[PDB]
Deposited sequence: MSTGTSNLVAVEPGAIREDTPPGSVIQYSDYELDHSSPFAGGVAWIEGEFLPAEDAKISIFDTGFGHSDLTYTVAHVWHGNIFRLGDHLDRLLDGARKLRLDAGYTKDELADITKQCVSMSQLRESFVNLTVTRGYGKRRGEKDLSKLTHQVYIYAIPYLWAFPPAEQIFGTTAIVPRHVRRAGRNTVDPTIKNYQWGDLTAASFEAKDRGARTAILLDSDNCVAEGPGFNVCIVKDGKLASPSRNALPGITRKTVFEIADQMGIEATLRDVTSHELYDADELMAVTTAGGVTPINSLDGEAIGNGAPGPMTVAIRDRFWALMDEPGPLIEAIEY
C-alpha cells in the first residue's frame, strides 16, 4: 500500500463532515480565492508565501539529521488556542537542542497570527518548526493550512480502535528524546503500520520498562476507578493533556502524571488519545477489546465536550485572529 493510518500533514479540504448535533462543528464562511494566500500560508526564510509553494533547502540539517523541534497549535472558529504555551514549549525545546530561533516569543506570535489571518482559515493546523539550518544559520519555518484530524471527526465522537504493537516500542528519552517534539517518527510510523496490518486505527506504544509511552502523534490518558492518569516519562508534555488535566481538576477529578504500567493499560476503565490536531478521542477497544462496553466512556465524553466548549469562551486560553 505504501500508506500508513497516519493523517498526511499537507494542505487539505477547508471543511470536512462532522457528526450532526455533536460538539465539533466547522465555521460557515467562504474563501476569497482572488488572494493567492487563501487556504494556506507559509512563512519561509522571512517571506510569507502561499502554502502550495512552500519549499525548504534539501540541505537543511533539519532534513538530513532531523535536527529540529516544532509545535502545532490549532485554530478553531477563528480562535488560536494556547499559543503562548506552545511558544514557551517550542523555545524551551529549542534551547535544550542548542537551537537559536533568532526571534523572540512575541515576534513568533505576531508572525504566526499573521499567517493564519492571511490564510483566511477559521479552522487551521498551525506549525512552527525550528531547525539547525544550513550555511551555520538556524531556520524557523511556520505554516497555517486547513484543519487536520489525527482521528476523523466521526471517531472523535464515537471512538476509535487501538492495538499495542508486538514488534515496536517507543524510543526512550536517552535515545531520540520524545519529551522534545520532533519529526523522528521511525517507531511511530512502524507502529501505525502494525495497527493497520491488524485492522486497528492506531497504536499505544510501551517504553522499554513496559510502562505506557504515547501514541503516534498523541498522548494517552487512562481512567481507572474515577481517577485520571497519563505517562510522565517517555511522552511529549502535551498541551492538550495539560488542558485535559485542567478540565479534570475543575470537575473534581484527581489527575496524575505518573508511570502507568502495561497492567494498568489493559485494565483501564477508559482510554483516550489527546493531541492538538483533533482534541480528545475515545478509544473503544484495545487489542480487539471494547474497553468498558466498547463505546466512549463517561469521563472521556465529559472532558472532550468541555474541551470543545473552551474554543468559544473568551478567556486566557484563546485569542481571536484579526482576519
query	finding
In sequence order, the deposited-sequence ranges that have no modelled C-alpha atom	1 to 2, 138 to 147
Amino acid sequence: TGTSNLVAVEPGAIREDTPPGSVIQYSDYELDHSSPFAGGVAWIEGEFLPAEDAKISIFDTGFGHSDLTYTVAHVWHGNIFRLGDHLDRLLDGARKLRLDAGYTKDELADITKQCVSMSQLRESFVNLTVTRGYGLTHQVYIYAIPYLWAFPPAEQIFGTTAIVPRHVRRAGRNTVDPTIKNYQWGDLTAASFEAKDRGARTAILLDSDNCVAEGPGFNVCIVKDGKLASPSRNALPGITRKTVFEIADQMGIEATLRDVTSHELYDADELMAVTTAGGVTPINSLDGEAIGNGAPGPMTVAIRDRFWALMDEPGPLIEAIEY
From here on, numbers count along this sequence of modelled residues.
{"query": "53 to 61 or 259 to 267, whichever carries the higher mean Cα B-factor", "finding": "53 to 61"}
{"query": "Segment of higher mean CA temperature factor, 159 to 167 or 248 to 256", "finding": "248 to 256"}
{"query": "Selection from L121, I142, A73, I222 [criterion: highest C-alpha temperature factor in the record]", "finding": "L121"}
{"query": "Peak C-alpha temperature factor (PDB record), options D187, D92, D207, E107", "finding": "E107"}
{"query": "Entry-reported Cα temperature factor of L286, expressed as the chain third it lands in", "finding": "lowest"}
{"query": "Record-listed C-alpha B factor of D177: chain third", "finding": "lowest"}
{"query": "Relative C-alpha B-factor of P152, binned into the chain's lowest, middle or highest third", "finding": "middle"}
{"query": "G279, C-alpha B-factor rank within chain (lowest, middle or highest third)", "finding": "lowest"}
{"query": "Cα B factor band for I14 (lowest, middle or highest third within the chain)", "finding": "highest"}
